[PDB]
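Novice: Kindly return the folded structure for what I paste below:
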Amino acid sequence: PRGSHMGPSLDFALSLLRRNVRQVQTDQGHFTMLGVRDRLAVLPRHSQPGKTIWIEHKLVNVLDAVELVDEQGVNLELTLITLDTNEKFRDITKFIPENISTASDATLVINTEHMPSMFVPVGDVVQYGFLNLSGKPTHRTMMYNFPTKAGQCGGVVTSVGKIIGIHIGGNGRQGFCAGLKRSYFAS
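Specialist: Numbers count the residues shown, from 1 in each chain. For reference, the structure is listed below:
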């Protein structure tokens, strides 16, 4: 979908890439990191950041690490890091939806040393989970068509101006991401 209707979405993604999406490496391997605001960034949990991670080849100290849980105490599989540099990240929290959102023409932004500035269109992003009695989804990962093979863990799922989730895995036919909501970063 290189077509005109994709204009604004692609723009937002290109922008987000530049200002906020960074290449990273931990003892665990190469990951795609998203900076949220100030010294805040998110990684996939299974990247298990140490006291020091590599950011675009500059080595940086990690002052605070905190795995995240939704309001129900479930594990979201996202680690939220606090970095030791003067540089501040453009705050993009304003593009994270009020509450977890599906999408119709989403694209996945991947940015690791081994796979730089890669945009992958993933089409429909869906919610796949259970229903707490009466309704409303508890236990929730988003998922989309993604026939590849584990990695690149870290991706950013974007639609039209919305930061929608963080890619945290796949199964060779589908990919799953931790749905994001503004609340998770209120501090």
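Novice: now the most centrally placed residue in the chain, nearest residue through space, not along the chain?
Specialist: Nearest residue to the geometric centre of the chain (CA atoms, centre = their mean): residue 166, 2.4 Å. Closest residue in space to residue 166, ignoring its immediate chain neighbours: residue 178 at 4.8 Å, by CB to CB, 6 or more residues apart in numbering. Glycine gets a C-beta too; all of them are placed from N, C-alpha and C.
Novice: is it fair to say residue 8 lies in a helix?
Specialist: Yes: using DSSP: H, G, I helix; E, B strand; the rest coil, the assignment for residue 8 is a helix.
Novice: Where does the record place the domain boundaries for the protein?
Specialist: For the chain, curated CATH domains gives the domain ranges 1-20+90-187, 21-89.
Novice: Residue 29 is in contact with residue 48, correct?
Specialist: No: if you go by CB atoms under 8 Å, residue 48 and residue 29 don't touch, sitting 10.0 Å apart.
Novice: Give me the residues contacting the longest strand that the chain contains.
Specialist: In the chain, with assignment by DSSP state E, the single longest strand is strand 115-131. Contact with strand 115-131 is made by 1, 10, 13, 17, 23, 30, 100, 102-111, 137-146, 151-152, 155, 157, 159, 164-165, 175-177, 179, as judged by CB atoms under 8 Å, 6 or more residues apart in numbering.
Novice: swap in stretch 63-72?
Specialist: Outside of stretch 63-72, the residues within contact range by CB under 8 Å, 6+ apart are 39, 45, 49, 75-76, 78-84, 138, 140, 183-184.
Novice: Any buried residues in that stretch, and which?
Specialist: For stretch 63-72, the neighbour count (16 or more other CB atoms under 10 Å) marks 68, 70 as buried.
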